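Here is how the chains run, residue by residue.
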Amino acid sequence: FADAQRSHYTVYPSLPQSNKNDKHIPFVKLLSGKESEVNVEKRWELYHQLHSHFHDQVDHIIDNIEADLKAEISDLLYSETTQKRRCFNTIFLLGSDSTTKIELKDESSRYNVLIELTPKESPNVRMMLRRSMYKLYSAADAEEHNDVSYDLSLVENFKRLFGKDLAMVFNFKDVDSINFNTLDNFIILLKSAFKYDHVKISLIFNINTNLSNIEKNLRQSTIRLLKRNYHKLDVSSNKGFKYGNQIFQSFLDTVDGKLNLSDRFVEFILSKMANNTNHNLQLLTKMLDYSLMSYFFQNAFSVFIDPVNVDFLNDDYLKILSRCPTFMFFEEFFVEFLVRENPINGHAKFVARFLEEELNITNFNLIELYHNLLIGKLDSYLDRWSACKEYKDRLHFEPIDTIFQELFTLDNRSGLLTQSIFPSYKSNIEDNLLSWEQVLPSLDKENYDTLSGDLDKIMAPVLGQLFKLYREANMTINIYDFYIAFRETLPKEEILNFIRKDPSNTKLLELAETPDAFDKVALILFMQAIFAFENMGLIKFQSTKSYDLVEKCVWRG
Amino acid sequence: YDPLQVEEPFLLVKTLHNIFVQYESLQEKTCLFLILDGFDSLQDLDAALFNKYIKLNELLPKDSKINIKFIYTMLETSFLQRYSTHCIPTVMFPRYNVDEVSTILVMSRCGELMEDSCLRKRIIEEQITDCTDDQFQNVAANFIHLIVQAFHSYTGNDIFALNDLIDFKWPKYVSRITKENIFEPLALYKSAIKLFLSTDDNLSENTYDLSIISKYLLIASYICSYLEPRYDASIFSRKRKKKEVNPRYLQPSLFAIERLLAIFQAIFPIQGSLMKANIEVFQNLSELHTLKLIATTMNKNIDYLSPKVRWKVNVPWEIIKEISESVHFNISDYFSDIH
Amino acid sequence: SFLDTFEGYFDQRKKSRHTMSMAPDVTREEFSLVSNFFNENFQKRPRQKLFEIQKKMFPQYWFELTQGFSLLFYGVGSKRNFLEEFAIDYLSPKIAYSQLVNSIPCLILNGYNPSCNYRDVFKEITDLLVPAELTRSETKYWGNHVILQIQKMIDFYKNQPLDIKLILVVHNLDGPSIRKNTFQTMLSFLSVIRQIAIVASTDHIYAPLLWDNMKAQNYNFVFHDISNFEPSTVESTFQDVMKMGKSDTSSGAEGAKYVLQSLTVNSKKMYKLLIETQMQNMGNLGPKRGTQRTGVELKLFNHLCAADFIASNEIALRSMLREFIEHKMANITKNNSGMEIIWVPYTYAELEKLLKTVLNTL
Amino acid sequence: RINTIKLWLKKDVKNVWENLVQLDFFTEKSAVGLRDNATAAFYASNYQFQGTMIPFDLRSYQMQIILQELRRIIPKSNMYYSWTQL
DNA sequence: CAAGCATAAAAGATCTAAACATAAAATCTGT
DNA sequence: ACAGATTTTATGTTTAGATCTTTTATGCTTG
C-alpha cells in the first residue's frame, strides 16, 4: 500500500544505535559553533531554574485567583438570605469563563447538589430535565450510599425518599450559546418546583457579554420572576487590574536586575493585552515565556548573566562585543558596569505598594506604569488620579542611567516575537507570494551542474507567477482569458527546449513533436496552479454547471 | 405494581385494570377524578395524544367498583378545537375585566400587604400610635387600585404580572410613608409619584467587555449587513438617491467575509499600516461567532472555510448603537442617508 | 487607482464565450506525466537549498515543543514532505535520546484526506497511549465519550512527569474533514496534554477563523512560516484535476480510484462484485448515499464470492477486507437484527463512475 | 389631532407584544403548531428552529385576524376606530 | 430601472445510522 | 463441578448527519 494514501497511521522510527553522552540538547553552539559545551549546559540549567521560579509564582497567583473567586461566589450563594421560599436566587457571573469548580458547602440537614448544564448537553427542555434529575439522583445516592423515573416529581418525593432537605444549584456553563427559548422554558418548568416547601433552588448564569442580551432574549415574565432575587457578580481575570499586576511583578522579580525590559517590548505587551480581554492572563504568560526562551536561545551572552561566569569571557566574546554601540558611545570594565543592579524595578514596586496601601488607588495597570516609567513621563501617569500632588515630591525618579543593556535586554528587533505569536497570516502569505525572489534563494554556483541552469533564472515559479496576474486581474475572471494571459506571459521556445532536455523518458519526447505541446503543457500548469489557488482559498468558482467564471477572494494587503 | 412497569398506553390500561380488580370488595360504586391540570402545557405535545386519554375510558371494565373520570385543563382554545368534534363537555373560562382583576388582587393581597413586617417596622419607627386594621386595609386597597390604574394598560389582565409589580413596588411605597401622609390618600400619590409612572421589571436597577478590535469587527459586520453592496464603493471613497425605507427594521442581509474585512479595515482608525488582518482579527471574529453575534447561513457542523458560507450580524440596532457610542465611533453617520 | 488596499478592493468591486472544450484536450495520463516531469525538474536545486537553509531551524522548533508550545507551520507550497522529514527523522530520535531504548511513537495524521474520521483517530490514540478507562459516573448522561475521556486524560497527565510520549503530526490541519468543529474541539482538548506534541500545518488563508479564544488558548500555537513552493503531488491525489476539483471535492472517491487502480486483481474483482450488488440493492430500493439499509450482507457476500472463486471462506475474505476497511473504501456494521452489513459510502453516481472508469476495464 | 395618550416605550411594549403573541393573536412566519404524531413531534423537538435564534425585535410574524375583521368587531364608540382602515 | 425569467440557497420536513444503553437467556470458566 | 463471569441476541434512547422539497433571497437585465 501507499502510506501517503492512508490516514492517521502510526509510525515507529528506527533510532540509530549511535549516541553520545550530552550531545542531546536543543540549544546549539552560537557564534558559528564556537562556544564550548559547558556554556550551553549552563545556559540550559539557568533557563530551567528561572522558568521554574517564574512559573511557581504564576501558579500560586492562578490558584489564589481560583480560590478567591470560589470563596466569594460561595459566600454570595448563601449570604444569610431571609427571603421567603417563593423564588430562587440567581447569580449572573459577568464575563466568566466556564472553567471553575463551584463548591457547595456540606449541610447536615440539606443535600447540596451542583447540576451543571452545557449547550451541547441541552438540546431541549426534556433532555435538560432528564440530565438534571439523573445528576440529582446520582449525587444524592452517592452521598446517602428500586428506581425512580427521571422527571420533576423526583424533587417532589425527595423528602420522602431520602429523609432530608434539598438544595439544587444549577450552573449553566455557557448561557449565551443555549437558544434562550429552551432555557426560558426550563426556567418556567423549574418555577413549578416551589409548591413543596422543602426544596430550594439556586440559578447561576455564566453570562459572557452583558445582561442586555439576557433582557432582550428572555421573556418579560421570566425576567420578572428572576428579578425577585438576582445578584450581578462581576468575575473575570481582566477586571480590577489586580491580577495582571501580580504576574508582571513576579516576572520583574524573576528577572530582577539580571535582565532588562525594552520599552518597545513592554509597549508590544500592552498593545497585545489591550486587544484581548476574555483570555488575558494566559496570553500574557505565553508572551513573556516566549520572549524569555527566545532571548536565552538566540543570544550568546545569556551564559554570562550571573557574575560567577563573568571571568569566562574569551577572545571571541570580546571581539564580538567590541562592536556594541554603547561601548563606542561611552573584563574588569564590564563587571563594574554589570553588577550594578537596576533600581527601576525596586522603585516601581515601591511606588505600586505606596499607592496601593494608603493612597486608596487600585485601578491601575502595573504594565502601563512600567512602560511610562521606561519612557520617562511618570508625572503624566501619576497626575491622572489628582490625589498624590503632595506625595509627588518623594516619588520622583532619577532618569535612566545604564550602559551595556543591549546584551542583557528583552526586545523584538528582528520581528520574531510578533511573527511567531501574532503573525500577519494572510499578509505574510501575500508578501511571500508576490515577492517570491526573497523566498526562494537565487543560486548560480551549481547552475552549470544542474539540468535547468538557463530556465530557472529567466522565469518564475508557476503559482506565484499566476498570482501576479490574479492580483493584476479583475473581480470576475473568465478562465479562458486568464489562461491565455498566463500562457502569453509564458516563454515559448524555452519550455520546448526544457522538454527536449530529457532523453530518458519517451512519452515526453513523443508529445514534444506535437505542434501544440507548449500550448498544452502551459494549460496543464494553469490547471495545477488554479487548483492550488482554490485549495488555498485565493480564488473561488461560481455555479459549477457553468464553471466559465471565477471570483477573486483575497486581495493583497 | 411497580409504576415503572408501564411504557405504552396499553400497559397503563393493563395496570389500571389490575389495580381496579383487586379493589372489588368496595361496597358502593366509587368514582375517582384524575385532574390532569395543565394538559396543554406539555413540552412533548402532539395532536395524537389527547384522544388517547379521551378513548382510555372505553378500555376499562364497565362494572368495576372504582371508575376513573378525567378532568383535563388546557389553556389554548386552539388545541381544544382540534377535538371539538369529540363533543366532550367543557367549561370555558373567560378572562378577567379590569375591575374584576382589581377586586381579585384586593381580596387576595390586602391581608399579606397589611401583615408585612416592613410596614410594621416603618410604623414603629415613625411613631404613629393611632391606627386600626380598617386604616391598613384602606391604604392597601388604595395602593392596589393605584397600581392597577397605573399599569393595567401595560400588563393587560394577567394577575401574575400585577402581583409581581405589587411585590416590586410595595417596599418603596411603604418607605415613603410618614405621619401625616398615611391619613391622606393623595399625599402618597403626590409624593411617591415616581413609582407609578415608569415600570421597573428589568434586571438593570433603575456594554460588552469585548476588545476594541472586536467592537470594530461587530460594527463593520452590522454595516455590511445593513448596507447595499453597490453603494459600498461610493460611500467608502475615503481615499434616484438613497432609499428611505429604513432597512434597519428588516432582517439583516447576508454578506461575505472579504467584504467584512475590507470595511473593517476601512473604518478602523490609524494607530501609531491600516491594521492588516492578522491572527488577532480572525480569532476575534471566531470568538464573536461563538458568542452568537455574527451568525452564519448553514446548520450545525459548520466549516468557516468553504466558499459557500455567509455571515450576518446578530444584534439589534440598540446594542450596536450603544457599542458605537461606547467606542465613540459615529453610527448615525453612514446611515444619515437612511436617517 | 490602487489594487492592494480596501480602497483598491472597492475600486475593483463593480466577456468571451469560450469554455475549455475549445481549449487543447487533456488526457489524465499525459497530464500526470507532464506534471510529474515539471515537479522534480523545475526548481529542484533552489528547493533543496531552501530546505537545507530552513532545516537548521529544527533545534528551535524542538525547544519550542519541549516547553508546552504546540507548533504550527503555515505558508505557500506543500509542507507535508518537510514536516514529515522534521518529525520522523529529526524530532523522534532526538527526543528519544534526550529522554533517556526505543524511539517515541509518531502518529502522523493525513488531513488532506476527506475520509479522515475523529473516531478512528482517537481509537489509534487510545490504542497507542493506552489511557485509563472512565468510570460509570464519569460517563455522564449520554455525554460524548471522546471528549470526556480526553478531559480525564488531561486530569491524569497534569501530574505525570513532563516527558513526551507521543508526537501527533497533523498534516493539513485546515482540510475538508479535519476543519469541522468536532475534530477541532478534540484536538484542542488533546493539545493541552503536555506529554504529547502537536505539530500541524495549515494552507487556507482564513484558517485562523477556525479557532475561538478558548481553542486558540488550548492549542497554544507558535506560528512558523514555511514557504518552499512545493507542488503538492500528494495533496492533489485525493481529488480530480480534469474537472479542476470544482465538483465532488470532499467526496473522496478520487482517492479510492487512485488506490484501487493498481491494488490486486482479486481484490478488484470482489470490489466489483460488492459495488454491483450495492447498485442492484439501490435500484430495488435520485442520487442517494450508500447507507446501511442498502448495503450487502456478510453471509450473502461470502456466498457470492464462493460462487465466483474469489474468497473460499470467512477468514480470507475478512483478512483481505480489513485492508479496504482501514482505508475507508468500505464499512462494516451490524443491523438492528444483528445481521452483518458491508457497504460503500459513495454516492450512486460516484459508484457508477467508479465502475465504468476503472472496474469495467478489467 | 388633540386627553393626552402616553406613548409607551419600546421596553414597555415588549411585554404587550409577548402577551399578544401568547394569546395566539400572532403566529410565527412559517410555523406548524402541532405535529401529526409522536415521531414528528420528537423530530421537531430535536431540531432547532431558526426563528428562535433571531433576536426578539426582528422575528417575522403573521396575523390571525385581518384588519377588516378587526374593524368589524371593534365598536364605533372606541377611540381607535379611525385607524382601523387604511 | 422594474418585470420577467431564470437558477440558487435558506429553512425544515422526514429519515436513517451511530453512539450510548440496559437486560435475560445461554455459554464459557475456574475449584 | 457448582455458582459467577462473559457472551449472544434484542431491544430502547439520544446525538450527529443525510437528502428531498418547498419557498424566496439573488442575479440578468432597459432606461
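Residues numbered from 1 in each chain as written, not as in the entry; some residues may be left out. Chains lettered and ligands numbered in written order. Part of a larger assembly, values for the part shown. Heavy atoms only, no water. Residues with missing side-chain atoms left out of burial classes, pairs and counts.

Structure determination for this entry, per the PDB record, employed cryo-EM and reached 3.33 Å resolution.

Colleague: Outline the protein's contact with DNA strand F, supporting the account with residue identities and numerical values.
Modeller: Near DNA strand F there are 18 residues, and of these A:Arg126, A:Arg130, A:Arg131, C:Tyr141 and C:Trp142 occur at the shortest range. Restricting attention to atoms of DNA strand F within 4 Å of the protein, one finds that 78% of them are sugar or phosphate atoms. One of the side-chain N or O atoms of A:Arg131 is found 2.3 Å from a phosphate oxygen in DNA strand F. Mapped by element, the contributors of at least two residues to the surface near DNA strand F are helix 3 (125-144) of chain A together with helix 2 (38-46) of chain D. With four residues, the top contributor of residues to the surface near DNA strand F is helix 3 of chain A. Split into classes, the residues belonging to the surface near DNA strand F amount to seven nonpolar, three polar and eight charged. (Near = heavy atom within 4 Å. Polar contact = N/O pair within 3.5 Å; in protein donor to acceptor, adjacent residues only side chain to side chain. Helix = DSSP H or I, 4+ residues; strand = E, 2+ residues; numbered from the N terminus. Nonpolar A, V, L, I, M, F, W, Y, C, P; charged D, E, K, R; others polar.)

Colleague: Which residues make up the sheet that holds strand 3 (residues 166-171) of chain C, and what are the values?
Modeller: Backbone hydrogen bonds hold the strands of a sheet together, and the pairing may be parallel or antiparallel. Here we have six strands laid out as an open sheet, ordered 1(A)-2(C)-3(C)-4(C)-1(C)-5(C), and mixed in their pairing. If you trace the sheet from one side to the other, it starts and ends with strand 1 (9-11) of chain A together with strand 5 (222-225) of chain C, each paired once. Geometrically, the sheet is characterised by an average inter-axis angle of 20 degrees between neighbouring strands, direction not taken into account. In the sheet, strand 1 (residues 71-74) of chain C pairs with strand 5 of chain C via four bridges, with the strands oriented parallel. Among the inter-strand pairings, C:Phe73 is bridged to a residue of strand 5 of chain C, identified as C:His224. Where helix 19 (residues 425-434) of chain A meets the sheet, its contacts fall on strand 1, strand 4 (196-202) and strand 5 of chain C, and the angle it forms with strand 1 of chain C comes to roughly 40 degrees. (Pairing = 2+ DSSP bridges. Axes fitted to C-alpha atoms, helices over the stretch in contact; angles between N-to-C directions. Contact = heavy atoms within 4.5 Å.)

Colleague: I'd like to hear about the sheet that holds strand 2 (residues 89-93) of chain A, residue by residue, with values.
Modeller: Residue and element names in this part refer to chain A. Within the open sheet, the five strands sit side by side as 3-4-5-2-6. Their pairing is parallel. Both edges of this open sheet fall to strand 3 (110-117) and strand 6 (230-233), since each of them pairs with a single strand only. The average angle at which neighbouring strand axes cross in this sheet is 15 degrees, direction not considered. Looking at chain direction, strand 3 and strand 4 (residues 165-172) are connected through eight bridges and run parallel. Its bridge partner lying in strand 4, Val113 is registered against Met168.

Colleague: Can you explain the interface of chain B and chain D? Please cite residues and give values.
Modeller: Opposite the 31 residues of chain B that make contact, chain D presents 23 residues. Across the chain B to chain D interface the summed buried area is about 2,100 Å²; carbon plus sulfur atoms make up 48%. Its largest share of buried area at the contact with chain D, chain B owes to B:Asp46, B:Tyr154 and B:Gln251, together 24% of the area lost on that side. Viewed at the interface, chain D and chain B are joined by zero salt bridges. Joining chain B to chain D, the criterion identifies five residue pairs in polar contact. Mapped by element, the contributors of at least two residues to the side of chain B that touches chain D are helix 3 (79-82) and helix 6 (133-155) of chain B. Here the side of chain B that touches chain D takes five residues from helix 6 of chain B, the largest share from any one element. (Buried area = accessible area lost by both parts, 1.4 Å probe. Salt bridge = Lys/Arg side-chain N within 4 Å of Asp/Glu carboxyl O.)

Colleague: With reference to specific residues and values, describe the arrangement of the chains.
Modeller: When the five pairs of chains in contact are ranked by number of contacts, first place goes to chains A and C. With no contact between them, chain C and chain D keep their nearest C-alpha atoms 15 Å apart.

Colleague: Let's hear about the protein's contact with DNA strand E: which residues, and what values?
Modeller: Near DNA strand E lie 24 residues; those nearest to it are A:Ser543, B:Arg240, C:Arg136, C:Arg293 and D:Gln50. Among the atoms of DNA strand E lying within 4 Å of the protein, the sugar-phosphate backbone contributes 87%. Measuring from a phosphate oxygen of DNA strand E, one finds a backbone N or O atom of C:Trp142 at 3.5 Å. The residue makeup of the surface near DNA strand E, split by class, is seven nonpolar, eight polar and nine charged.

Colleague: How would you explain the packing of aromatic side chains if you had to name every residue and give the values?
Modeller: Counted under the stated rule, the structure contains 104 aromatic pairs over all chains. Their ring planes at 15 degrees and their centres at 5.9 Å tell us that B:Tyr154 and D:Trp8 sit as a pair that is stacked. Residue B:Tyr154 is found in helix 6, and its partner D:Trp8 is found in the segment before helix 1 (10-22); the two belong to separate chains. Accessibility expressed as a relative area gives 22% for D:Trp8, which makes it partly exposed. Aromatic side chains B:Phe329 and B:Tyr334 sit 6.2 Å apart centroid to centroid with 70 degrees between the ring planes, which places their arrangement in the edge-to-face category. Summarising the burial analysis for this pair, B:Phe329 and B:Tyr334 share the class buried. The rings of A:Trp555, B:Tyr216, B:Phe236, B:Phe264, B:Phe268, B:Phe329, B:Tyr334, C:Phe6, C:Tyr9 and C:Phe10 are connected pair by pair, giving a single aromatic cluster. Sitting over the ring of A:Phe422, A:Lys272 keeps its end group 5.0 Å from the ring centre. (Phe/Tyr/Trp six-rings, centres within 6.5 Å; stacked < 30°, edge-to-face > 60°. Buried < 20%, exposed > 50% of the residue type's maximum accessible area, 1.4 Å probe, protein only. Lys NZ or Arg CZ within 6 Å of the ring centre and 35° of its normal.)

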